[PDB]
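Student: File name final39.pdb; file contents PDB, C-alpha atoms; full text below.
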```pdb
ATOM      1  CA  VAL A   1     101.395  74.018 142.528
ATOM      2  CA  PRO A   2      98.035  72.781 143.931
ATOM      3  CA  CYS A   3      96.459  75.941 145.351
ATOM      4  CA  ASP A   4      93.323  76.921 143.423
ATOM      5  CA  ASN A   5      93.429  79.055 140.277
ATOM      6  CA  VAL A   6      92.640  82.395 141.920
ATOM      7  CA  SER A   7      96.150  82.787 143.341
ATOM      8  CA  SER A   8      99.753  81.980 142.434
ATOM      9  CA  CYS A   9     102.426  80.632 144.784
ATOM     10  CA  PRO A  10     106.051  79.610 144.050
ATOM     11  CA  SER A  11     107.495  76.278 145.201
ATOM     12  CA  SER A  12     105.804  74.293 147.975
ATOM     13  CA  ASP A  13     103.370  76.764 149.541
ATOM     14  CA  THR A  14     100.336  76.415 151.808
ATOM     15  CA  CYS A  15      96.848  77.602 150.840
ATOM     16  CA  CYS A  16      95.797  80.186 153.420
ATOM     17  CA  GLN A  17      92.234  81.365 152.813
ATOM     18  CA  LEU A  18      90.716  84.560 154.219
ATOM     19  CA  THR A  19      87.139  85.013 155.455
ATOM     20  CA  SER A  20      85.840  82.712 152.708
ATOM     21  CA  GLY A  21      85.986  83.995 149.141
ATOM     22  CA  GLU A  22      89.624  84.700 148.314
ATOM     23  CA  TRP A  23      92.552  82.280 148.497
ATOM     24  CA  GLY A  24      96.077  83.323 149.419
ATOM     25  CA  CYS A  25      99.501  81.724 149.747
ATOM     26  CA  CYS A  26     101.174  81.707 153.163
ATOM     27  CA  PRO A  27     105.005  81.904 153.432
ATOM     28  CA  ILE A  28     106.191  78.306 153.752
ATOM     29  CA  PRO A  29     108.638  77.889 156.678
ATOM     30  CA  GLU A  30     110.182  74.693 155.309
ATOM     31  CA  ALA A  31     107.716  72.134 156.659
ATOM     32  CA  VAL A  32     109.828  69.000 157.091
ATOM     33  CA  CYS A  33     109.086  65.773 158.968
ATOM     34  CA  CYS A  34     110.610  64.031 161.988
ATOM     35  CA  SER A  35     110.233  60.835 164.032
ATOM     36  CA  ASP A  36     107.006  61.895 165.747
ATOM     37  CA  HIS A  37     104.055  63.178 163.717
ATOM     38  CA  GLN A  38     103.476  66.017 166.181
ATOM     39  CA  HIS A  39     106.657  67.942 165.378
ATOM     40  CA  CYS A  40     109.058  68.840 162.567
ATOM     41  CA  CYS A  41     112.817  69.307 162.207
ATOM     42  CA  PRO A  42     115.180  70.380 159.362
ATOM     43  CA  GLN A  43     115.677  67.829 156.581
ATOM     44  CA  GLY A  44     118.049  65.152 157.837
ATOM     45  CA  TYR A  45     117.233  65.693 161.505
ATOM     46  CA  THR A  46     114.650  64.286 163.915
ATOM     47  CA  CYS A  47     112.567  65.432 166.885
ATOM     48  CA  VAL A  48     114.129  64.110 170.094
ATOM     49  CA  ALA A  49     112.793  64.612 173.625
ATOM     50  CA  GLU A  50     110.057  66.640 171.917
ATOM     51  CA  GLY A  51     112.072  69.851 172.004
ATOM     52  CA  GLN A  52     115.339  69.894 170.069
ATOM     53  CA  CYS A  53     116.466  68.271 166.816
ATOM     54  CA  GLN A  54     119.007  65.446 166.581
ATOM     55  CA  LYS A  55     120.618  63.400 163.806
TER      56      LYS A  55
END
```
Represent the structure from my file as structure tokens, please.
Tutor:
Amino acid sequence: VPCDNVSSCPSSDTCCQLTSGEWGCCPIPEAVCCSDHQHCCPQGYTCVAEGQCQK
């Protein structure tokens, strides 16, 4: 888990730092990928019409 050695996060987590000094782990909301690189949809789906998710 690449996220410094000052904190500890389980599974794929994002490194959210405070006002410089301490590093924390932010709750990962399942960051998947879709067709466009400006959105994200559940694994197996895609971003259509830039709003909903399709198959």
Student: Between CA of residue 39 in chain A and CA of residue 55 in chain A, what is the distance, to one decimal in Å?
Tutor: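 Computed distance, CA of residue 39 in chain A to CA of residue 55 in chain A, equals 14.8 Å.
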Student: List the residues matched by the PyMOL selection byres ((chain A and resi 43) around 8) in the displayed structure as a list in words, ordered by chain and then by residue number.
Tutor: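 Output of the PyMOL selection byres ((chain A and resi 43) around 8): residues 32, 33, 41, 42, 44 and 45 of chain A.
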Student: How would you write as a PyMOL selection string the residues that get within 6 Å of (104.8, 78.6, 150.7) in the file's frame, counting only C-alpha atoms?
Tutor: chain A and resi 12-14+26-28
Student: Carefully work through the PyMOL selection byres ((chain A and resi 24) around 12) for this structure and note down the residues it includes, as a PyMOL selection string.
Tutor: chain A and resi 3-10+13-23+25-27
Student: Suppose a student applies the PyMOL selection byres ((chain A and resi 47) around 6) to this structure; what residues should they get, written as an MDAnalysis selection string?
Tutor: chainID A and resid 34:35 46 48 50 53
Student: Once you have the residues from the selection above, write them out as a compact mmCIF listing (two decimals), in the frame of the given file, restricted to C-alpha atoms.
Tutor:
```
# COMPACT_ATOMS: atom_id res chain seq x y z
CA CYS A 34 110.61 64.03 161.99
CA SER A 35 110.23 60.84 164.03
CA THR A 46 114.65 64.29 163.92
CA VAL A 48 114.13 64.11 170.09
CA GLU A 50 110.06 66.64 171.92
CA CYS A 53 116.47 68.27 166.82
```
Student: Using all atoms of range 1-6 of chain A listed in the file and a margin of 6 Å per side, can you give the axis-aligned box centre and edge lengths in Å to one decimal, as lines of an AutoDock Vina configuration file?
Tutor:
```
center_x = 97.0
center_y = 77.6
center_z = 142.8
size_x = 20.8
size_y = 21.6
size_z = 17.1
```
